[PDB]
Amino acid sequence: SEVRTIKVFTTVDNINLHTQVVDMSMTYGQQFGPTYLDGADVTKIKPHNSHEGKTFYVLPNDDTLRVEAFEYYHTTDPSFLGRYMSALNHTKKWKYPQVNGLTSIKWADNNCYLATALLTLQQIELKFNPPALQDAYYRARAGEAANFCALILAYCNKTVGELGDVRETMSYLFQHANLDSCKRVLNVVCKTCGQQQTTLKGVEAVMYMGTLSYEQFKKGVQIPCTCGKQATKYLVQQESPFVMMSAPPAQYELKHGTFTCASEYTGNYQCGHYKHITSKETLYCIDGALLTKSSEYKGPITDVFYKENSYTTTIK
């Protein structure tokens, strides 16, 4: 029969486009290997006329594509692009309403943890190393978050519909961000073992598990020492744009102007629901597309974010 061809573009980054002549006899899979159009898998689909001039993602099967992919995503995981595309096929159908001047996500597929992560990222100063996240984060801030959400899912190895932990999600994202200048100095004091000082850099400089209260962390927290006597750990020095204080969910009171934003978590381990509390002129509770306002808050909180620049203790 007649051999028909169209010109299309292939890519791994949607920056470097590569002109290809495709036979309309054969599947994309027979000519490129696994191929995606706007996240949708077309590997086993024959080219349509409407495809002419369109861009298709392909797996890097040569050194040029492998390098462009690594430079863009900062990963060599062979399944990364397929997972990104599979997730994108879903997140492009989500609604991203502007709620309180920020981009949120209307609830679907257990995406409350992503909505809360996305709302937190918009409030804190953060530069991503992968251009993929830089580029998608810039679009997410402008209200176009489908790509950013699909990259978060891909980078965090989460299925669409699986409930995730906001603290684990932020931890992954922080590990792909420039925090080289973030520094934390801790002092642990025991009656027996004396005073020992530790300096933490990067992700460990901005995250703490065991208290929601920045003020309590500064005053001092009780931790088990090596000897088995209780010891006091306190913050001596903090240099970072923000700090993230996490703990297992507990009834907490949030007061206007004493924090930036917080993760509320109702329900049981791995099957609950996240809401985002933010401090503006009053306390805002952002629940996907749903918004409520209150002068004060009491609820089960698991993450609190406070802004920072430089803090030095007055203790000793």
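All residue numbers refer to positions in the sequence shown, first residue = 1. Between two forms, the rigid core is defined as the largest C-alpha subset superposing within 1.5 Å.
Novice: Which of these two stretches, 165 to 173 or 224 to 232, has the larger RMS Cα offset in 4 other deposited structures of this protein when the rigid core is kept aligned?
Specialist: Farther from the shown form on average in 4 other deposited structures of this protein: 224 to 232.
Novice: For the C-alpha atoms alone, is the average B factor greater in 190 to 198 or in 71 to 79, going by the entry?
Specialist: Per the PDB entry, the higher value belongs to 190 to 198.
Novice: Out of 202 to 210 and 221 to 229, which stretch has the higher average CA B-factor listed in the record?
Specialist: On average, C-alpha B-factors are higher across 221 to 229.
Novice: Could you check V185, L118, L88, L126 and tell me which one carries the biggest Cα B-factor in the deposited entry?
Specialist: The C-alpha B-factor peaks, among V185, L118, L88, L126, at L126.
Novice: Highest CA temperature factor in the entry: which of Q270, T64, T258, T278?
Specialist: Comparing C-alpha B-factors across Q270, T64, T258, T278, the top value belongs to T64.
Novice: Using only modelled residues of the chain, where does the Cα B factor of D180 rank: lowest third, middle third or highest third?
Specialist: Within its chain, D180 is a highest-third residue by C-alpha B-factor, going by the deposited values.
Novice: Taking the chain's C-alpha temperature factors as the reference, tell me which third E162 falls into: lowest, middle or highest.
Specialist: According to the entry, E162 has a C-alpha B-factor in the chain's lowest third.
Novice: Could you tell me which third, lowest, middle or highest, the C-alpha B-factor of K307 occupies within its chain?
Specialist: Its C-alpha B-factor belongs to the lowest third of this chain's values.
Novice: What third of its chain, lowest, middle or highest, does the C-alpha temperature factor of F32 fall into?
Specialist: Answer is highest: the recorded C-alpha B-factor places it there.
Novice: Please place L235 in the lowest, middle or highest third of its chain according to the CA B-factor in the PDB entry.
Specialist: CA B-factor rank for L235: lowest third.
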